[PDB]
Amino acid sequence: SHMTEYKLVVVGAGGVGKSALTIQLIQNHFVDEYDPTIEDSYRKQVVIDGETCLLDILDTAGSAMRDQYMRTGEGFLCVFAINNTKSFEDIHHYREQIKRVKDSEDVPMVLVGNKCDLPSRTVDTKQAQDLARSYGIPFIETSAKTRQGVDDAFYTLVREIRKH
């Protein structure tokens, strides 16, 4: 059987929910305490638009190490938390860094606003949607807690990698 493998990297400031999103996707439950400095990679077999895909997903915590992660990565999930302004401010830095390392103006990415289950919100949909627009990438809101948008964020990133 034909399969296509994709190399995906999850990046964002500490505490935005990188570990939680990945483990939701992989394990179908919310991990509210996962070591904040541990990195791991995961493999999930999934059908996206009829293609049998192997997603090799790296959960970063963040170096030469980090540079390697970015050369190897094909698509990047840029995560902030909707109740943290500075996590949203940091996004430029991550995107700039990836563009620096890979040395390309077009790098598959998706902007993710996580924790959208929460009644507090510091960042507006429109602010995020404007940023995504300026970079020409898609924006999904998600909750690692309730699984809202989780599948969609990863699938959307795969679609982005295909586009290139």
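The first residue of the sequence shown is number 1, and the count goes up from there.
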Count of coordinate-less deposited residues separating residue 62 and residue 63, as none, 1 to 3, 4 to 9, or 10 or more?
4 to 9
Using the B-factors recorded in the PDB entry, average over the C-alpha atoms of 136-144 and of 17-25, then report which stretch comes out higher.
136-144
With respect to the recorded C-alpha B factors, which stretch has the higher mean value, 47-55 or 101-109?
101-109
Select one of 129, 41, 68, 37: the residue whose C-alpha shows the highest B-factor in the crystal structure entry.
129
Which third of the chain holds residue 80 when residues are ordered by C-alpha B factor: lowest, middle or highest?
middle
Can you tell me which third, lowest, middle or highest, the CA B-factor of residue 7 falls into for its chain?
lowest
